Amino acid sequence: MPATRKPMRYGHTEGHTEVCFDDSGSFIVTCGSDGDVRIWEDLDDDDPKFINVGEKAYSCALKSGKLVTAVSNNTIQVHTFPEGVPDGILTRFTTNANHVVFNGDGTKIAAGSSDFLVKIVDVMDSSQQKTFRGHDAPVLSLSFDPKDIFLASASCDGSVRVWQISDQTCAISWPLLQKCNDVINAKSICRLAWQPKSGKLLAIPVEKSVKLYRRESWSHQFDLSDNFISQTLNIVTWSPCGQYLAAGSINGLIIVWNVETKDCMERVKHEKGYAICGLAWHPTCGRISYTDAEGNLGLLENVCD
């Protein structure tokens, strides 16, 4: 039986919209350009709990009861979650940040901004910060190595780079992306993702494929492709076991692969063809939540049934 696509529902105003599951897996958590973070029981929840994090949210990450958001006063801030108690400011940039992520155990965050910088900050001690310098245009996306050795970044300068966290050096850079000056002009936000457990592979959406590179050697392993992908892939996310990978395209396609066998497990088309800009795998079940550039929220169930 194929994955069942519940009907998408309105989540936020139009614009970039992110999604994850809460720590328990019982809730879907979205954040959007209206500056709200919404907490949904499911897609039938007509009264989701809200956290007003600012006038506009660019990105949100959630781990172990800490909600970290990039908002339009150029700060990276913290709230407790789901309570929503303000818990301070972790760092700032001279412009907005475009992505913020937690590391594997939730003790660190990384953020990337339109002033080209990447910063890692200790969640419990904002005085502990590391800055990664080298990108020549806005940073689009970040992903932590689960082994806490490396951090990957994708940028409007056309590069995907891997950084060594301990000394902030650049271990490798692949010129895989199209160049542009502003995030609004990016063909793809290239929401790349490290493989969860071993971190053996880094998955990068590039044109109509997902490219898999091996850690430490930075060698290309193989690509995941499909005849149904007709427009650029925007975002990937792994199943928590590291065995499956989902990708979302700029024209609304969601596709799932078994990464070991490269078998295609699922394909789901967006009814209106909006770009997938948020995508998340449930922590324990075959369930994938996703959000699109129009602010809508969807849910796939019985994934890889």
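In case it trips you up, residue 1 is the first one in the sequence shown, and so on.
Identify the stretch, either 67 to 75 or 138 to 146, whose C-alpha atoms have the larger mean B-factor according to the entry. Between 138 to 146 and 67 to 75, it is 67 to 75 that shows the higher mean C-alpha B-factor.
Going by the B-factors listed in the PDB entry, is the mean over the C-alpha atoms higher for 242 to 250 or for 42 to 50? Averaged over C-alpha atoms, the B-factors run higher in 42 to 50.
Of the options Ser126, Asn103, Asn234, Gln195, which has the highest CA B factor as deposited? Highest C-alpha B-factor among the listed residues goes to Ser126.
Take the CA temperature factors straight from the PDB entry and tell me which of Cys180, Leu176, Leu151, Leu90 peaks. Each of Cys180, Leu176, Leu151, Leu90 was compared by C-alpha B-factor; the highest is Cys180.
When the deposited Cα B-factors of this chain's modelled residues are ordered and cut into thirds, is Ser166 in the lowest, the middle or the highest one? Highest third - that is where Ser166 ends up once the chain's C-alpha B-factors are sorted.
Chain-wide C-alpha B factor ranking for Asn258, given as lowest, middle or highest third: Lowest third.
By the recorded C-alpha temperature factor, relative to the other modelled residues in its chain, which third is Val19 in? Answer is lowest: the recorded C-alpha B-factor places it there.
Compared with the other modelled residues in the chain, in which third is the CA B-factor of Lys130? As the PDB entry reports it, the C-alpha B-factor of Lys130 lands in the highest third of its chain.
Quick check for you: using the entry's CA B-factors within this chain, is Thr94 in the lowest, middle or highest third? It belongs to the highest third of the chain when residues are ordered by C-alpha B-factor.
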